[PDB]
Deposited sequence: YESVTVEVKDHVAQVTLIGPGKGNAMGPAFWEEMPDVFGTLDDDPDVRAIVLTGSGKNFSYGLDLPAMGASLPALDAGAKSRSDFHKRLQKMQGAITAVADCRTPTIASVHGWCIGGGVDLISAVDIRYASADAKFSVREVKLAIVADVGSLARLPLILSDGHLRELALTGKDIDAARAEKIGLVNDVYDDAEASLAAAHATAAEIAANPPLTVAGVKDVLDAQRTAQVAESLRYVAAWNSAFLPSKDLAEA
C-alpha cells in the first residue's frame, strides 16, 4: 500500500498512516481493501491505529451533470470510512499531536481512543465554508452531548487533551506518545485474550442499535452539500 503500513505480531496488527499525514485520493481508494484484508484472516484479533511523525493527521489535502459526479465521489468517500466503522475486529486509536478535520472524522469510527498531553482537536470545516459530510456530524452524537458538540461544530476552535478527557472524546490521557501507545497495546492484548466469536457477537449486537440514524444523516448531508457547497465564500478563503 502507498498510504499505510501494516505489521502483525502475537495476534495484534498495528496499522500506521504515512501519507503531515494528509489524506489524498490514495487514502480513499485504499482503506476498504486494507481493512477487508485484516478482518478476514483469523490470525488477527485486535488492531491498533496510530499516525506517523509528530502529529496524527491534518485533514484532507455549474449544471446538474457536473454535480451528479460530485455526488458520486462524496458517497464513495463516505463509504471509505463506513468500511472501518463496520469491521468486526475491535480497533484502538492512539492519538499524539494534532488531529484536524477529516482525522476527527476517522477517530469517531473506532471503539476506544487514547491520547497524550500534547494533543489538540478541532472540527474546522465551517472555517473553510464547508458543512462536513464524511461522518463527523453523523457519528459524534453518540460520543458527545448536545452543547459541547454544538460549540465545537459552530465555532471551529481548538481544544486540548484535558477538555477532551472531560467532555468524553477520549478515555485516558498520558504524559508522552510512548506511554499512550503502550497503554493501547496492553488493552488490545487484553481484548485478544478472549474468545473471538463472543467478541464479534458483542460487536454485532451493539452495532445493530445505530445503523439507520447514521445512514439517514449521511444521505441528507450528501444532498445538502451537492446543492449549496460551491459558492463565492469558498473562494474568499
Stretches of deposited sequence not represented by any CA atom are 20 to 22, 65 to 76
